[PDB]
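Next comes target.pdb, a file with PDB, C-alpha atoms.
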ATOM      1  CA  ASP T  44     -15.944  25.688   0.246  1.00  0.00           C
ATOM      2  CA  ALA T  45     -12.666  27.559   0.754  1.00  0.00           C
ATOM      3  CA  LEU T  46     -13.566  30.010   3.512  1.00  0.00           C
ATOM      4  CA  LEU T  47     -10.489  31.580   5.103  1.00  0.00           C
ATOM      5  CA  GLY T  48     -12.161  33.813   7.661  1.00  0.00           C
ATOM      6  CA  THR T  49     -14.449  36.741   8.282  1.00  0.00           C
ATOM      7  CA  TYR T  50     -13.503  40.417   8.444  1.00  0.00           C
TER       8      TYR T  50
ATOM      9  CA  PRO F 100       9.674 -61.754  -9.573  1.00  0.00           C
ATOM     10  CA  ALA F 101       7.978 -58.472 -10.427  1.00  0.00           C
ATOM     11  CA  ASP F 102       7.103 -56.846  -7.081  1.00  0.00           C
ATOM     12  CA  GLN F 103      10.338 -54.919  -6.393  1.00  0.00           C
ATOM     13  CA  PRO F 104       8.971 -52.011  -4.306  1.00  0.00           C
ATOM     14  CA  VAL F 105       8.649 -48.898  -6.460  1.00  0.00           C
ATOM     15  CA  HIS F 106      10.038 -45.408  -5.881  1.00  0.00           C
ATOM     16  CA  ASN F 107       8.533 -42.135  -7.080  1.00  0.00           C
ATOM     17  CA  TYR F 108       9.933 -38.601  -7.302  1.00  0.00           C
ATOM     18  CA  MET F 109       7.289 -35.949  -7.866  1.00  0.00           C
ATOM     19  CA  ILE F 110       8.116 -32.277  -8.371  1.00  0.00           C
ATOM     20  CA  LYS F 111       6.017 -29.105  -8.462  1.00  0.00           C
ATOM     21  CA  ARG F 112       6.623 -25.478  -9.403  1.00  0.00           C
ATOM     22  CA  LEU F 113       5.596 -22.113  -8.008  1.00  0.00           C
ATOM     23  CA  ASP F 114       2.897 -19.921  -9.538  1.00  0.00           C
ATOM     24  CA  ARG F 115       3.280 -16.159  -9.575  1.00  0.00           C
ATOM     25  CA  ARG F 116       0.635 -13.759  -8.325  1.00  0.00           C
ATOM     26  CA  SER F 117       0.397 -10.151  -7.192  1.00  0.00           C
ATOM     27  CA  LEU F 118      -1.895  -8.129  -4.948  1.00  0.00           C
ATOM     28  CA  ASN F 119      -2.297  -4.390  -5.438  1.00  0.00           C
ATOM     29  CA  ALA F 120      -3.847  -1.386  -3.723  1.00  0.00           C
ATOM     30  CA  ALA F 121      -4.246   2.259  -4.698  1.00  0.00           C
ATOM     31  CA  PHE F 122      -3.906   5.499  -2.748  1.00  0.00           C
ATOM     32  CA  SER F 123      -3.883   9.178  -3.647  1.00  0.00           C
ATOM     33  CA  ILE F 124      -3.530  12.680  -2.220  1.00  0.00           C
ATOM     34  CA  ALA F 125      -3.255  16.274  -3.451  1.00  0.00           C
ATOM     35  CA  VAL F 126       0.044  18.106  -3.730  1.00  0.00           C
ATOM     36  CA  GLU F 127      -0.398  21.225  -1.591  1.00  0.00           C
ATOM     37  CA  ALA F 128      -2.485  19.043   0.723  1.00  0.00           C
ATOM     38  CA  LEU F 129       0.696  17.352   1.904  1.00  0.00           C
ATOM     39  CA  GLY F 130       2.573  20.654   2.033  1.00  0.00           C
ATOM     40  CA  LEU F 131       0.409  21.881   4.899  1.00  0.00           C
ATOM     41  CA  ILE F 132       1.427  19.060   7.252  1.00  0.00           C
ATOM     42  CA  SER F 133       5.102  19.994   6.891  1.00  0.00           C
ATOM     43  CA  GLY F 134       5.219  23.222   8.895  1.00  0.00           C
ATOM     44  CA  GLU F 135       5.061  23.133  12.706  1.00  0.00           C
ATOM     45  CA  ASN F 136       2.922  26.098  13.745  1.00  0.00           C
ATOM     46  CA  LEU F 137       1.189  26.888  17.025  1.00  0.00           C
ATOM     47  CA  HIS F 141      -3.378  31.432  15.135  1.00  0.00           C
ATOM     48  CA  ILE F 142      -1.734  31.583  11.699  1.00  0.00           C
ATOM     49  CA  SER F 143      -5.086  31.723   9.904  1.00  0.00           C
ATOM     50  CA  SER F 144      -4.904  28.216   8.433  1.00  0.00           C
ATOM     51  CA  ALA F 145      -6.278  25.945  11.181  1.00  0.00           C
ATOM     52  CA  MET F 146      -9.601  25.153   9.498  1.00  0.00           C
ATOM     53  CA  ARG F 147      -7.617  24.293   6.382  1.00  0.00           C
ATOM     54  CA  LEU F 148      -4.939  22.426   8.343  1.00  0.00           C
TER      55      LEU F 148
END

Kindly transcribe the structure held in the file into structure tokens.
Amino acid sequence: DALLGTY
Amino acid sequence: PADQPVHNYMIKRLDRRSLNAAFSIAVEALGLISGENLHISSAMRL
């Protein structure tokens, strides 16, 4: 999808 | 006396015709390729 990153 | 070698002058004309092709892209999609960046959290998108 539109995953930016993981925190 | 009716041989009298003949002479002909034919003429032709051009015919018009085109040939097309389509292509598309999104608007922000292009915007990403503009900036020169070395991360800045947009690689996977870039």

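Residues in contact with segment 44-48 of chain T at up to 8 Å, not including ones fewer than 4 positions away on its chain and judged by all atoms listed in the file, are residues 143, 144, 146 and 147 of chain F.
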
Self-check item: Length of the atom CA of residue 127 of chain F to atom CA of residue 50 of chain T vector [Å]
Solution: 25.3 Å

Box for segment 46-50 of chain T - axis-aligned, 3 Å on each of the six sides, all listed atoms - centre and size in Å to one decimal, as lines of an AutoDock Vina configuration file.
center_x = -12.5
center_y = 35.2
center_z = 6.0
size_x = 10.0
size_y = 16.4
size_z = 10.9

Quiz item: What does the distance between atom CA of residue 135 of chain F and atom CA of residue 121 of chain F come to in Å, to one decimal place?
Solution: 28.7 Å

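Going from atom CA of residue 117 of chain F over to atom CA of residue 129 of chain F, you cover 29.0 Å.
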
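When only C-alpha atoms are used to measure the gap to chain T, the shortest distance among F:116, F:106, F:111, F:141 belongs to F:141.
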